[PDB]
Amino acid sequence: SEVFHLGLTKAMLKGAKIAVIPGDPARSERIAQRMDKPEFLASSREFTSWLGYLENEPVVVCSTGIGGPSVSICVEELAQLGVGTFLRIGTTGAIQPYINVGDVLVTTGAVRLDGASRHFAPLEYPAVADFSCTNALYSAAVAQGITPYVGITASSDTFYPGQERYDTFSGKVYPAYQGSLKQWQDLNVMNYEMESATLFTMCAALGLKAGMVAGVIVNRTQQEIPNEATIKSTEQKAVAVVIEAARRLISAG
């Protein structure tokens, strides 16, 4: 291979300029299976890649693993192989009581509670999504009968203390993160996630285009856990949005 981690060569992508980047290596196949003529490319560490076709054009699906550091490797190495646009698809937990399980969130900007973003730009620089990607995702959702929430996401390097979870080994969060959940709620932050600050900041710095959509499967403020059919239909909703957004971006280019 021509890159350090992914196990890929330029030739293997067959001219792909756009990538869909889920977190879980097992999701790559499922997404590529909504595309035309999909084929396995490689699996190396947490990076499982597939190639598929939308609008008769090649598209990579590559898993990123959890967190900015693995995302930064994935994105950098795909960019070396000619990928210029990156669409993040995920499933998330909301922190606003008006956002329900089954809702779809499109993120315009990220609160940078990560470390990797600071290696591409100083903290004062905005972790903001690409306009054309964000539009394609929003337009894709409304066209498919979904009214997404569009706004800001908190992007944390941790699943536990950074998302102010106390159901843990220590049961503690140190003072800088005590009350942080309420802080973000009061600043109209929709949800937590763990990748978008790195993705958006590095893409803006490198001149690459990024966007993100997620399906809500849990609400931190709400009592009752939903059944794992509404979980799966939520995941489907999100994929339908990202696939259609990818087609719009391709047709537009």
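Don't overthink the numbering: it's just position in the shown sequence, from 1.
Between 11 to 19 and 231 to 239 (mean CA B-factor, as deposited), the higher: Taking the mean B-factor of the alpha carbons in each, 231 to 239 is higher.
56 to 64 or 23 to 31, whichever carries the higher mean Cα B-factor: Stretch with the higher mean C-alpha B-factor: 23 to 31.
Most elevated Cα B-factor in the entry, residues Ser70, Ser44, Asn188, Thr198: That would be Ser44, according to the entry.
Cα B factor band for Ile225 (lowest, middle or highest third within the chain): Its C-alpha B-factor, which the entry lists for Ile225, ranks in the highest third among residues of this chain.
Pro38 - which third its CA temperature factor falls in, relative to the rest of the chain: Its C-alpha B-factor belongs to the highest third of this chain's values.
Chain thirds of CA B-factor: placement of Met194: For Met194, the deposited C-alpha B-factor lands in the middle third.
Among modelled residues of the same chain, the CA temperature factor third for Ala141: Ranked within chain, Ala141 CA B lands in the middle tercile.
Within-chain third of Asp157 by Cα B-factor, per the entry: For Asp157, the deposited C-alpha B-factor lands in the middle third.
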